[PDB]
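Visitor: Begin with these chain(s), straight out of the complex:
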Amino acid sequence: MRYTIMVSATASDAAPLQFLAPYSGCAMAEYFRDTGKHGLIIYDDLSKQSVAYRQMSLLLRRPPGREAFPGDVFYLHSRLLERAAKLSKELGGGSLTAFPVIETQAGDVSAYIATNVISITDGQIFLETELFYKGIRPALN
Amino acid sequence: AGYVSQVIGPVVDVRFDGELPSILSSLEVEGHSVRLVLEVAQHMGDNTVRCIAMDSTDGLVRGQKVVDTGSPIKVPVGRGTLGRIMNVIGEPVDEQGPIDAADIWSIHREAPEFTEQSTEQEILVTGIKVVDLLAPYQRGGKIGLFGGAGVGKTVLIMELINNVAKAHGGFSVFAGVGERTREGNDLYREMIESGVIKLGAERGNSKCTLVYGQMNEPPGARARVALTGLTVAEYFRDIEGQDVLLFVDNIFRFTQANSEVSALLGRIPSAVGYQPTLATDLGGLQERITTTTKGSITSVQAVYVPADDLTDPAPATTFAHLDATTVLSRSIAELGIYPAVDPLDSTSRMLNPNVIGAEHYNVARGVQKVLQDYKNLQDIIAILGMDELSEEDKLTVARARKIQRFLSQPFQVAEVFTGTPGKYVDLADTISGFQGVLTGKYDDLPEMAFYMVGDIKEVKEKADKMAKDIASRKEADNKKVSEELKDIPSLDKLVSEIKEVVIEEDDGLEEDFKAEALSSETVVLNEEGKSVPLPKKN
C-alpha cells in the first residue's frame, strides 16, 4: 500500500459508479504516467464495468446492439485502454501499463466484450480452467 | 447558422432555422476545446439534422453554434501529404507543421463510372518472387493480407511501398483504420527507419502518406478514415496519373466501425450483428479502388476473420471484392523463409492463362503442384523414414525443398538492419527462373544456393561462393584457449566489478506538483451561474 491506490466500485454501488471506476483509476494512474514515473493499472473485471455501462445505456433507451450492448461499447474500452502508453522522452518518458481482466463463460474468446478487449489490447494471458486442476498454477494456456 | 439540439453519445442533433446542410456534409461546432467536426447522417425533419461526431462530444451544450461548411469532410491532397500523418479530418498529427496542400478534396465521392473503368485486367508487378508468381496482384484490384504478428507483415508493407514507388513511380497511402496507437507509432518509426518516410527538408522524397484514425477515436472517426486515405490515393490516381497503393489496415475494423455508427443511429442490425447496409458501406469504399483511364489504385487490405469463420458476413462480404489473398504463415516464417507468404494457401483471381498467359500459368501451377506433392508426404517421411520412399518422390522432395527456399528474397527496406542488399526481381526473370528449377536444370546446385537471392543467375553465384568456401576452411583451426582462466574470474571479483546504483527511501513525487485543496462541500451553480454551496433544504 505504500505504492498502490485502490479504486473500489463494489456491487452495491450504482451502475454509473461501476462504469466510472476504471476511468477514475486511469485518471489517478495517469498522474504517474504524465510526470515521468511509471504506472500499473489493473481493471479487475472490465466485464462488470461493461455490464454496468450496458445497464445505464439500456435504461437511457439508447439503441441496443449485440448481446444487449450499445454501439459505443467498443469505444468505451478502447478510449479507456489507449491511455496506457509509454510516453516519449520529451514528455518525461513515463508509462502506464494496463492489465484488464475479462471473465469468459466456459472459455470462449468469441464473446462480444472479450473480442472487443482482445482487439484493443496488445497481448493476452489466457488462463485455462482445465490446466488449473492439473496442478499447473498459474493456469496459463 | 445552426445550433446543437441533442447530444446522445457520439451522435449529435443540430437544428438549422435556415436551410439544412446536405447529408454527408461537414459541420464545425463553433466554440469547444478541440476541433469538433460532425458529419450529417440524416435529415430528421422539423429542421433537425442528425450528425455523427469525429471527436468526443463530452463538453457540448444544447444551443452551441454550429457552422455548416457547405461540403463534406475536406482533406489536403497532393504531393505535400507524403511522409505526413493525417487524422480523418485532415489535421496533421505528426507534429511537423501544417500540411502543404496541393488541393483540398472532398472525401465523399461516387465510384468511377462505367465509361471510365478499365477492361484490361492486367498484373501489377511487385518485385517479390512469391507474390509475382503464385498470387499475382491485379493492377486496380484488392488484395487481402492474412498476416498478423511476427510474420514480417510490416516489412512486406514497406516493400510493396518501396517497390511500387521504385518500379511504377506511384505513391502509397496507408490508411490505419482503427489501429492501436502503439502499433501505429511502431509503423511510423519503422517507416522513418527504412527510408520510405523522410522528415524535414527531404520530406518530398517520401513514398507514403499515413492516414491514421486511431482506436480511441469515436466510431464516426474510425468509419471515415478509410475514405480519407482513399481521397489521398484518388488525387494521385486522377491528377498525378499514377499507380497508387492503398493499404487499408484491418478492413474488418472499417466494417466494425461502420457497424457501430449504424447501431448508434438507431438502425436495426442485420445478420449476425452487422449493419443492414454492410454490403453497400463496404462497396462504397471498395468500388472507388479501381483502374480509371488515368491511373489505378491497388489496395492491400489486411483481413481479420472474426471467429475463424469465413462464412461470417463481414469476411464473406469482403471476399467478394478481393482479387488475391496473400496468407502470411508462421510455419513459413519458422523455416527462415522471408517473405512469409504461404505459397499454397495464397490465391489470386489473376492466376488463369487468359490474363497471364499459359507460360506463367503453367509455371505457377507446376510450382504449386510440386509444393503440394511435397506437402502431403511429410506424414510419410516423418513416420516411415526420410530415405524410405522412391527416388522420384525424393526428387520432388529435393525440388520442392529448393523451390521452398527459392521463394525467399532479401528486401531493400530490410537491409538497414540485416545487411543483405534487397533484390527486386522482374516477372519474366521469375518465370524463367522457376521454370528451370521445375524442369530440373538446377538439381545439382545445393538447397542453400536458392536462399535469399534475386534471380536464377544468383543461385549459381551462391553455389560458386559455397564451393570456394571449401578451400577457405584449411586456413585456420578451431580451439578455445585457457579452459578456466581466460577471462572468467572469481565470483567475488565479478560481484566487485558491478557498480552500486543509488537507491533512496524518499521516493519523492512532489516535483512540480500543484497540491490544490479540494472542498468537501458540494459546490453548484445558482441561476445567475456563480459557484454557490448547496441550498440546504430539499
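Guide: In hand now; what should we look at? Residues are numbered from 1 along each chain as shown, chains lettered A, B, ... in the order given.
Visitor: quick one: residue A:65 and chain B, what's the gap?
Guide: Separation of residue A:65 from chain B (C-beta to the nearest C-beta, to the nearest Å): 4 Å. In this view, the C-beta of every residue, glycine as well, is placed from N, C-alpha and C.
Visitor: Phi and psi next, for the residue lying closest to that residue once chain neighbours are set aside.
Guide: Distances taken as C-beta to C-beta, 6 or more residues apart in numbering or on different chains place residue B:263 nearest to residue A:65, at 4.2 Å, with adjacent residues excluded. Reported as degrees, to the nearest 10, the phi and psi values for residue B:263 are phi -70, psi -30.
Visitor: before we move on, what about residue B:460?
Guide: phi -70, psi -50.
Visitor: What is the neighbour count of it?
Guide: Residues lying near residue B:460 (other C-beta atoms under 10 Å in any protein chain shown) number 13.
Visitor: The residue nearest to residue A:65 and residue B:269 touch, don't they?
Guide: Yes - between residue B:263 and residue B:269 a contact is recorded at 6.4 Å, counting by C-beta atoms under 8 Å.
Visitor: how does chain B divide up, domain by domain?
Guide: Using curated CATH domains, the domain parsing of chain B gives B:1-72, B:74-349, B:351-479.
Visitor: Next, see if the shortest one gets close to chain A.
Guide: Yes - Domain B:1-72 lies in contact with chain A when judged by C-beta under 8 Å from any C-beta of the partner chain; the contacting residues are B:8, B:9, B:10.
Visitor: which residues touch the residue nearest to residue A:65?
Guide: A:63, A:65, A:70, A:71, B:269, B:275 (C-beta atoms under 8 Å, 6 or more residues apart in numbering or on different chains).
Visitor: circling back: as TSV, the residues of domain B:1-72 next to chain A with neighbour count and distance to residue B:182 would be great.
Guide: Below are these laid out as TSV (neighbours: other C-beta atoms under 10 Å in any protein chain shown; distance: C-beta to C-beta, whole Å):
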residue	neighbour count	distance to residue B:182
B:8	16	31
B:9	20	26
B:10	25	24
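Visitor: Torsion angles phi and psi at residue B:145?
Guide: phi -110, psi 110.
Visitor: Test my guess that it contacts residue B:300.
Guide: Yes - between residue B:145 and residue B:300 there is a contact at 5.7 Å, judged by C-beta under 8 Å.
Visitor: that older thread, quick check: neighbours shared by residue B:263 and residue B:269?
Guide: A:65, B:275.
Visitor: Which pair of the contacts of residue B:263 spans the longest distance?
Guide: Greatest spacing in those, by C-beta to C-beta: A:70 and B:275 (14.5 Å).
Visitor: So which of these two has more stuff around it?
Guide: Counted by other C-beta under 10 Å, residue A:70 and residue B:275 do not tie: residue B:275 has more neighbours, with 27 against 24.
Visitor: In this structure that one contacts residue B:266, no?
Guide: No - the criterion here is C-beta under 8 Å, and residue B:275 misses it with residue B:266 at 11.8 Å.
Visitor: mind adding chain C? sequence follows:
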Amino acid sequence: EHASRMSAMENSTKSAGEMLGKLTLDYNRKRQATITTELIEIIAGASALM
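Guide: Putting chain C together with the chains above:
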C-alpha cells in the same frame, strides 16, 4: 497387424477430421443464427416500448 493398424488409424483420423470439419461448419451456422435470433428478440423487445 501393426502395419495394418497404422493404415487403419490413418483412415480414422481422416474420417474424424472430415466429420470434425462438417461439425465445425454446422457449429458456425448455429453460432451465427444464435446471435441473429437473440438480437431480433432484443430489438423486438425494445421496439415494443418505443
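Visitor: how deep is the nearest residue to residue B:138 once chain neighbours are set aside tucked in, by neighbour count?
Guide: Excluding the flanking residues, the one nearest residue B:138 by C-beta to C-beta, 6+ apart is residue B:323, at 4.5 Å. As a burial measure, residue B:323 scores 21 neighbours (other C-beta under 10 Å).
Visitor: if I pick residue B:323, what's in contact with it?
Guide: Going by C-beta under 8 Å, 6+ apart, the list of residues near residue B:323 reads B:137, B:138, B:141, B:142, B:143, B:348, B:349, B:350.
Visitor: In the residues you listed, which residue is surrounded by the most others?
Guide: The most crowded member of the contacts of residue B:323, judged by other C-beta under 10 Å, is residue B:143 (28 neighbours).
Visitor: Next step: the contacts of residue B:323 restricted to strands.
Guide: Judged by DSSP state E, strands contain the following of the contacts of residue B:323: B:137, B:138, B:142, B:143, B:348.
Visitor: So which residues of the stretch 151-300 of chain B form helices?
Guide: For the stretch 151-300 of chain B, the helices defined by DSSP state H, counting those that start in this stretch occupy B:153-167, B:181-194, B:219-238, B:251-264, B:278-286.
Visitor: Which residues are in contact with residue A:48?
Guide: Residue A:48 touches residue A:18, counting by C-beta under 8 Å, 6+ apart.
Visitor: Tell me which two of the ones in strands among the contacts of residue B:323 sit farthest apart.
Guide: Pairwise over the ones in strands among the contacts of residue B:323, using C-beta to C-beta, the maximum falls at B:142 and B:348, 11.5 Å.
Visitor: For stretch B:132-145, measure first residue to last.
Guide: As for stretch B:132-145, its first-to-last residue distance stands at 15 Å under the measure C-alpha to C-alpha, to the nearest Å.
Visitor: in what helix or strand does residue A:30 lie?
Guide: Using DSSP states H and E, the element containing residue A:30 is helix A:15-34.
Visitor: how about that helix as CSV, C-alpha atoms only?
Guide: Taking C-alpha atoms only, helix A:15-34 is exported to CSV below (Å, rounded to 0.1, in the frame of the first residue of the first chain):
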residue,chain,number,x,y,z
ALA,A,15,-24.1,1.3,-12.1
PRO,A,16,-22.6,4.8,-13.1
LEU,A,17,-20.0,4.4,-10.4
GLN,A,18,-19.0,0.9,-11.7
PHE,A,19,-18.9,2.5,-15.1
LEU,A,20,-16.7,5.4,-14.0
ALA,A,21,-14.3,3.5,-11.7
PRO,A,22,-11.9,2.4,-14.4
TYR,A,23,-11.9,5.9,-15.8
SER,A,24,-11.2,7.4,-12.4
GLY,A,25,-8.5,4.9,-11.6
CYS,A,26,-6.9,5.6,-15.0
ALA,A,27,-7.0,9.3,-14.2
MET,A,28,-5.2,8.6,-10.9
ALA,A,29,-2.6,6.5,-12.7
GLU,A,30,-2.1,9.0,-15.5
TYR,A,31,-0.6,11.2,-12.8
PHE,A,32,2.3,8.8,-12.6
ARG,A,33,2.4,8.4,-16.4
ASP,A,34,2.4,12.1,-17.1
